[PDB]
Amino acid sequence: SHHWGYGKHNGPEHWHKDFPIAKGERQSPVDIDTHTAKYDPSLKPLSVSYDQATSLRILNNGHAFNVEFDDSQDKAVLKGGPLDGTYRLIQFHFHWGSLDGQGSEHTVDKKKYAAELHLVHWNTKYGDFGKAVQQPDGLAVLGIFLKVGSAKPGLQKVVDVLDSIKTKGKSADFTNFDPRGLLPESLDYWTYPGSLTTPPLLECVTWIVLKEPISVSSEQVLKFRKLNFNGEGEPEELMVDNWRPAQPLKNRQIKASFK
Ligand SMILES: NS(=O)(=O)c1ccc(CCC(=O)O)cc1
Ligand SMILES: NS(=O)(=O)c1ccc(CCC(=O)O)cc1
Ligand SMILES: [Zn+2]
């Protein structure tokens, strides 16, 4: 069974023994060297179309928490930018640190943010998520950095349900949540071909990482850090530092949408 995690004994430096693609040619995350990324005029406008998004449930999976969406129809989709065709939102989750100075997966000129939001989408040409993760263009993940400052009003409903999903395997109803409240003003981005950042580390992802971070309050991120990796009744292991560090860029170029 899967027994990877983020500890010293099961963390990122161990994953390659059960998931050898961990040492592959298009792994994520990466450091975004802002001076080496090149503006790409070929990029078409990015279209985030979440008006009809239908959230259903929030789940503590022992690695992070997922806010899950009804992806049985094109209710919430990502198009444009580097993407060919339509990518449907299935879930979002975060990665965060034990302290405000770390937590993001991607870095920007080696800077680590306090957290990183991942909105996960699958290419509808492949019919469902499981088939999409067999394809090099199966997924698109919209990544958004979080810095600590003023509160993000649209995050507070997520924060407030976390007490009900403290431990691994717990879920709660989470209907009528609008993911548009988690976006920054600007859709300026960097993009590159990469992978899932957790096992199974599959190389299916077009990454779209927004330049502008959102601000969340210290009190909001402190509540993330009260979650548990462990199950109910087990010794407490706070869910913190659930991020993979930057991986080798190898034969890739990062493109910028902005000049
Ligand atoms: N390569 S990996 O998936 O990161 C991994 C690392 C450590 C163990 C040992 C876990 C145990 O005691 O069950 C199992 C699997
Ligand atoms: N952090 S990330 O790259 O946005 C990501 C997205 C989805 C999975 C789910 C993988 C699975 O279904 O096993 C794993 C990791
Ligand atoms: Zn993620």
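In terms of the authors' numbering, the sequence shown is residues 2 to 125, 127 to 261. Note that beta-carbon positions come from the ideal geometry of N, C-alpha and C, so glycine has one too.
Please confirm whether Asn-230 and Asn-62 have their CB atoms less than 9 Å apart. The sequence position of residue 230 within the sequence shown is 228, counting from 1. The sequence position of residue 62 within the sequence shown is 61, counting from 1. Contact: no.
If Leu-79 and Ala-142 are in contact, beta carbons under 8 Å, what's the gap, nearest whole angstrom? What you label residue 79 is simply residue 78 of the sequence shown in a count that begins at 1. What you label residue 142 is simply residue 140 of the sequence shown in a count that begins at 1. So it is a contact: roughly 6 Å between Cβ atoms.
Short of 7 Å in beta carbon distance, which residues of its chain neighbour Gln-92, apart from the five on each side in sequence? Order them along the chain. Locating residue 92 in the sequence shown gives position 91, counting from the first residue. Around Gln-92: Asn-67, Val-68, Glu-69, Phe-70, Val-121.
Only counting the same chain, and skipping five residues up and downstream in sequence, which positions put a Cβ closer than 6 Å to that of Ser-217? The residue labelled residue 217 in the question sits at position 215 within the sequence shown. Excluding residues within five positions, the ones whose Cβ falls inside 6 Å are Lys-149, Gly-151, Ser-152.
Does at least one heavy atom of ligand 1 sit under 8 Å from the Cβ of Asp-180? As a first step, residue 180 must be located in the sequence shown, where it is residue number 178. Checking the Cβ of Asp-180 against ligand 1 gives no.
Taking the CB atoms as reference points, tell me whether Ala-54 and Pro-186 lie closer together than 9 Å. For the purposes of this step, residue 54 is taken as the residue at position 53 of the sequence shown. For the purposes of this step, residue 186 is taken as the residue at position 184 of the sequence shown. In this structure, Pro-186 does not lie closer than 9 Å to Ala-54 by Cβ.
Among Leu-157, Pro-155, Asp-190, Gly-12, nearest to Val-49 - alpha-carbon criterion: Residue numbering aside, residue 49 sits at position 48 when the sequence shown is read from its first letter. When only C-alpha atoms are compared, the closest one is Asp-190.
Is it the case that the Cβ atoms of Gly-82 and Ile-256 are separated by a distance below 9 Å? In the sequence shown, counting from the first residue as 1, residue 82 sits at position 81. In the sequence shown, counting from the first residue as 1, residue 256 sits at position 254. No Cβ-Cβ contact shorter than 9 Å links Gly-82 with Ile-256.
According to the neighbour-count rule (16 or more other Cβ atoms, all chains shown, within 10 Å of its Cβ), is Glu-117 buried or exposed? Within the sequence shown, residue 117 is the residue found at index 116, counting from 1. With 16 or more Cβ atoms within 10 Å of its Cβ, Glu-117 is classed as buried.
Specify whether the segment 95-113 and the segment 226-246 touch according to this definition: at least 3 beta carbon pairs, one from each stretch, less than 8 Å apart. yes
Along the chain, where does the alpha helix (DSSP H) containing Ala-134 start, and where does it finish? Within the sequence shown, residue 134 is the residue found at index 132, counting from 1. Per DSSP, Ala-134 belongs to the alpha helix (DSSP H) from 131-134.
Between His-10, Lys-112, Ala-65, which has its C-alpha nearest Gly-233's C-alpha? Residue numbering aside, residue 233 sits at position 231 when the sequence shown is read from its first letter. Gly-233 has its Cα closest to that of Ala-65, out of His-10, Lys-112, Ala-65.
Please confirm if the segment 156-173 is in contact with the segment 38-46, defined as three or more CB-CB distances below 8 Å between the two stretches. no
Quick one: what's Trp-16 bridged to in DSSP? By 1-based counting over the sequence shown, the position of residue 16 is 15. In the DSSP output, where bridge partners are listed per residue, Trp-16 has none listed.
Can you check whether the CB of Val-31 is closer than 9 Å to the CB of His-107? Along the sequence shown, read from residue 1 onward, the residue named residue 107 stands at position 106. Along the sequence shown, read from residue 1 onward, the residue named residue 31 stands at position 30. Yes, the Cβ-Cβ distance between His-107 and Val-31 is below 9 Å.
Once the 5 residues before and after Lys-172 are set aside, which same chain residues still bring their CB inside 6 Å of it? On the sequence shown, residue 172 is found 170 positions in, with the first residue counted as 1. So the list reads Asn-61, once near-sequence residues are dropped.
Can you tell me whether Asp-175 is helix, strand or coil according to DSSP? Here the question's residue 175 lines up with position 173 in the sequence shown. Looking at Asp-175 - three-state DSSP - the assignment turns out to be strand.
Range covered by the alpha helix (DSSP H) that runs through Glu-221: By one-based count along the sequence shown, residue 221 stands at place 219. Note, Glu-221: alpha helix (DSSP H), 220-226.
Alpha carbon to alpha carbon, what distance is there between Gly-235 and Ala-258? Start at 1 with the first residue of the sequence shown, and residue 258 comes out as number 256. Start at 1 with the first residue of the sequence shown, and residue 235 comes out as number 233. When rounded, the distance between both Cα atoms is 47 Å.
Which of the three DSSP states is assigned to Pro-186 in this structure? One-based indexing of the sequence shown puts residue 186 at position 184. Residue state, collapsed to three classes: coil.
Quick one, which of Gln-249, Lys-159, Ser-197 has its alpha-carbon nearest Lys-225's? Locating residue 225 in the sequence shown gives position 223, counting from the first residue. The candidate whose alpha carbon is nearest that of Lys-225 is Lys-159.
Residues in its own chain within less than 7 Å of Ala-248 by CB, not counting five upstream and five downstream? Along the sequence shown, read from residue 1 onward, the residue named residue 248 stands at position 246. Result list for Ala-248: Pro-30, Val-31, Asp-32, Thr-108, in chain order.
So who's on the other strand from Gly-82, going by DSSP bridges? Stepping through the sequence shown from its first residue, residue 82 is reached at position 81. Answer is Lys-45.
Could you spell out the range, first to last residue, of the beta strand (DSSP E) harbouring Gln-137? The count along the sequence shown starts at 1 and reaches residue 137 at position 135. Note, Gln-137: premise wrong, no beta strand (DSSP E); not H, not E.
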